[PDB]
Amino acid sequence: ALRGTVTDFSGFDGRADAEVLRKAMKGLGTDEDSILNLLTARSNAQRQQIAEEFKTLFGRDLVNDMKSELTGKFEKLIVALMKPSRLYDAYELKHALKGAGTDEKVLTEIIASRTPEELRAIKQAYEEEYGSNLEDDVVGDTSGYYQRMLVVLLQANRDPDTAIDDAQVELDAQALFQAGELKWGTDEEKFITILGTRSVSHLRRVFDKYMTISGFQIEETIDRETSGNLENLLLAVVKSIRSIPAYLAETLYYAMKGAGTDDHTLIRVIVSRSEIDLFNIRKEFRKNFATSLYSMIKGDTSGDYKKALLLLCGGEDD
């Protein structure tokens, strides 16, 4: 049911492609067009094979070259696209965590939308790539129930979708109800446990009966009960349980809606998801927002960057 826009190129030849890329750069100038057209049409496995052949034919490192040539937002996107799939989340996470500050958004966005199977592979790589443990750095940078909700999620231990038990569904909607609305203050620790560990098929059933029992949708109670980065994170978890596609479509929308563009988010979501589920994110973008994603990107972005982005996106109207 899920599908991305970027696929493996039929009739690929690593060796052909590296000669175009060498020719696209050699000497004065840079043909940003031959690059952008080649790269947005090869799967990311295929960009790594193209980076292999470039170094065996020329003894040059394709990413460092491209980094010396290109600039600005375009460099940023092409560099994100040469990043191997199994390392790009690990990367966005390490660079969010490092330095004094920490960018909660990236942390929230990736740890909440990624499945368990994904979160495992991200800890694996992060460790073999940076020689730190992820959990430790997250804890090193955060505080409170936000840190704690992120550590629950980092354990990648959510329950399996199993046959559903109505009794447990009513049990769980009633405890949330008693942990928030019906409580002076809040019992955030019950929200972290039931939201952070129960199966996805089961909490979607909890979110409906809770609306029956309380007259509130769980997002609304989260708004009323909490503030800060924990409000954010619980909202991000609820929306990913309901739909990761729609949560990500919605994360792209608020990147482009405003007075500018959250470029870093625009890039990170299109590249990360290009091969996983950007076709579906595009469906939910339209369904929920009347604008199509192509369009939104077409009025927000200029340059080589825009063309690259739209090529990755595909389907206008879709």
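In case it trips you up, residue 1 is the first one in the sequence shown, and so on.
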Between 102-110 and 169-177, the record assigns the higher mean Cα B factor to 102-110
Determine, for stretches 213-221 and 231-239, which one has the higher mean CA B-factor as deposited. 213-221
Looking at the C-alpha B-factor values in the deposited entry, which of 155, 162, 186, 115 comes out highest? 162
Highest CA temperature factor in the entry: which of 274, 64, 43, 288? 288
By the recorded C-alpha temperature factor, relative to the other modelled residues in its chain, which third is residue 97 in? highest
Lowest, middle or highest third: where is residue 279 by Cα B-factor in its chain? middle
Taking only the Cα B-factors deposited for this chain, tell me whether residue 270 sits in the lowest, middle or highest third. middle
Residue 133 - Cα temperature factor, lowest/middle/highest third of chain: highest
In terms of its chain's C-alpha B-factors, the third that includes residue 86 is the middle
